[PDB]
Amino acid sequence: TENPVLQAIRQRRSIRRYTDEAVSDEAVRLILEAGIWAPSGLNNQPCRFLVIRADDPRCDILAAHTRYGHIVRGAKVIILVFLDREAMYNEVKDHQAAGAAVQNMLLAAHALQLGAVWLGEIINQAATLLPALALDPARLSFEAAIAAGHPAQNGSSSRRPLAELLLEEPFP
């Protein structure tokens, strides 16, 4: 039996090039819903979200603040992920929570047959980007941007074998 959840986890790829087809509001809502249901340490739910569509002037602003402008410009929708500092309890664990949210969103995108890619280089420019977007970096920590669209490529990656990542070999 090939479990669809396990299959999705294994087959989800960073997709960085999209077709010209529209991404529906309903798809975006479903992806966002996946994000909000990720866990958080105290059920503090520190993540906040901002949707930026291709036709939005803010797409150019985002592109201007990352080396991956071509991906940003090719995407149909970009979901920006932040932590509300007033909802945080622990820096390390709230960043882990943001990762869990992003992962849920990437899996949901894949499950909807959309392609997406986690963009983290862009967060290096948070200090100039947030003000450019009229957002307050004193209140918000910028965690990630997810670029998405209908896929125009299959994606390709690799991982080292499980046995190398285990600190001790647990099987007989």
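Numbering starts at 1 and follows the sequence shown.
Mind pulling up the entry and telling me whether 84-92 or 97-105 has the higher mean Cα temperature factor?
Stretch with the greater average CA B-factor: 84-92.
On mean C-alpha B-factor from the PDB entry, just flag whether 65-73 or 39-47 is the higher one.
Stretch with the higher mean C-alpha B-factor: 65-73.
Going by the CA temperature factor in the entry, name the top one among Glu121, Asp60, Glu143, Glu33.
Among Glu121, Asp60, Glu143, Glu33, the PDB entry lists the largest C-alpha B-factor for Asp60.
Please place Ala132 in the lowest, middle or highest third of its chain according to the CA B-factor in the PDB entry.
Middle third - that is where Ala132 ends up once the chain's C-alpha B-factors are sorted.
Which third of the chain holds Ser24 when residues are ordered by C-alpha B factor: lowest, middle or highest?
Its C-alpha B-factor belongs to the highest third of this chain's values.
Could you tell me which third, lowest, middle or highest, the C-alpha B-factor of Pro161 occupies within its chain?
Answer is lowest: the recorded C-alpha B-factor places it there.
Should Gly155 be placed in the lowest, middle or highest third of its chain by the C-alpha B factor in the entry?
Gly155: CA B-factor falls in the highest third of its chain.
Check where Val117 lands among this chain's C-alpha B-factors and tell me if it's the lowest, middle or highest third.
For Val117, whose C-alpha B-factor we compare with every modelled residue in the chain, the answer is the lowest third.
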